[PDB]
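Peer 1: I have a structure I would like to understand better, so I am pasting it below and will then ask my questions one at a time.
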Amino acid sequence: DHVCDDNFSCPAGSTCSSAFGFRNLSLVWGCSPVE
């Protein structure tokens with residue numbers, strides 16, 4: 001399994017959307033399906 005930032009994970013079955021990159025005061029995103 002993977003692990004982006006901290007509270008997150010994905011069995012290489014998606015990607016870390018990654019959001020809140022203008023200062024990082026909470027970080028809120030999800031995993032995206034590569035296909």
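So you can find residues: chains in the structure tokens are A, B, ... in the order shown, residues in each start at 1, and ligands are numbered from 1 in order.
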Hey, what's within 9 Å of residue A:31 if we count only C-alpha atoms and toss same-chain stuff fewer than 2 positions away? As an mmCIF file with N, CA, C and O atoms, in the first residue's frame, please?

Peer 2:
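File part.cif, as written:
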data_model
loop_
_atom_site.group_PDB
_atom_site.id
_atom_site.type_symbol
_atom_site.label_atom_id
_atom_site.label_comp_id
_atom_site.auth_asym_id
_atom_site.auth_seq_id
_atom_site.Cartn_x
_atom_site.Cartn_y
_atom_site.Cartn_z
ATOM 1 N N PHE A 8 -3.484 8.730 4.716
ATOM 2 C CA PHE A 8 -3.841 8.436 3.299
ATOM 3 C C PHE A 8 -3.145 7.152 2.839
ATOM 4 O O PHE A 8 -2.134 6.756 3.384
ATOM 5 N N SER A 9 -3.676 6.494 1.845
ATOM 6 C CA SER A 9 -3.034 5.238 1.364
ATOM 7 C C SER A 9 -3.713 4.739 0.086
ATOM 8 O O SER A 9 -4.892 4.939 -0.124
ATOM 9 N N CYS A 10 -2.971 4.084 -0.765
ATOM 10 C CA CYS A 10 -3.560 3.562 -2.031
ATOM 11 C C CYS A 10 -2.685 2.428 -2.578
ATOM 12 O O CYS A 10 -1.497 2.599 -2.762
ATOM 13 N N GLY A 13 -3.348 1.681 -6.914
ATOM 14 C CA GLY A 13 -4.543 1.569 -7.796
ATOM 15 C C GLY A 13 -5.113 2.964 -8.052
ATOM 16 O O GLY A 13 -6.211 3.117 -8.552
ATOM 17 N N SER A 14 -4.373 3.984 -7.713
ATOM 18 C CA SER A 14 -4.863 5.374 -7.932
ATOM 19 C C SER A 14 -3.719 6.368 -7.714
ATOM 20 O O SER A 14 -2.562 6.001 -7.687
ATOM 21 N N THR A 15 -4.032 7.626 -7.559
ATOM 22 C CA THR A 15 -2.958 8.637 -7.342
ATOM 23 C C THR A 15 -3.386 9.643 -6.272
ATOM 24 O O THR A 15 -4.559 9.858 -6.043
ATOM 25 N N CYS A 16 -2.444 10.261 -5.615
ATOM 26 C CA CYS A 16 -2.801 11.251 -4.557
ATOM 27 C C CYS A 16 -3.181 12.592 -5.187
ATOM 28 O O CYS A 16 -2.332 13.368 -5.578
ATOM 29 N N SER A 17 -4.452 12.874 -5.284
ATOM 30 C CA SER A 17 -4.882 14.170 -5.884
ATOM 31 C C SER A 17 -4.048 15.314 -5.302
ATOM 32 O O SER A 17 -3.600 16.194 -6.010
ATOM 33 N N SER A 18 -3.837 15.301 -4.015
ATOM 34 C CA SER A 18 -3.029 16.378 -3.374
ATOM 35 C C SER A 18 -3.696 17.741 -3.570
ATOM 36 O O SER A 18 -3.825 18.230 -4.676
ATOM 37 N N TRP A 29 -7.486 16.158 0.476
ATOM 38 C CA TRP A 29 -7.581 15.644 -0.924
ATOM 39 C C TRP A 29 -7.979 14.164 -0.909
ATOM 40 O O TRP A 29 -8.493 13.665 0.072
ATOM 41 N N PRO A 33 -8.275 7.425 -9.452
ATOM 42 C CA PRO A 33 -8.121 6.152 -10.199
ATOM 43 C C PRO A 33 -7.334 6.379 -11.494
ATOM 44 O O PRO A 33 -7.740 7.133 -12.356
#

Peer 1: Please return as a PyMOL selection string: the residues of chain A that backbone DSSP assigns to strand (DSSP E).

Peer 2: chain A and resi 15-16+31-32

Peer 1: How many Å lie between atom CA of residue A:34 and atom CA of residue A:22, rounded to one decimal?

Peer 2: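 Separation of atom CA of residue A:34 and atom CA of residue A:22: 24.8 Å.
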
Peer 1: Rounded to one decimal in Å, what is the spacing between atom CA of residue A:1 and atom CA of residue A:27?

Peer 2: 20.3 Å
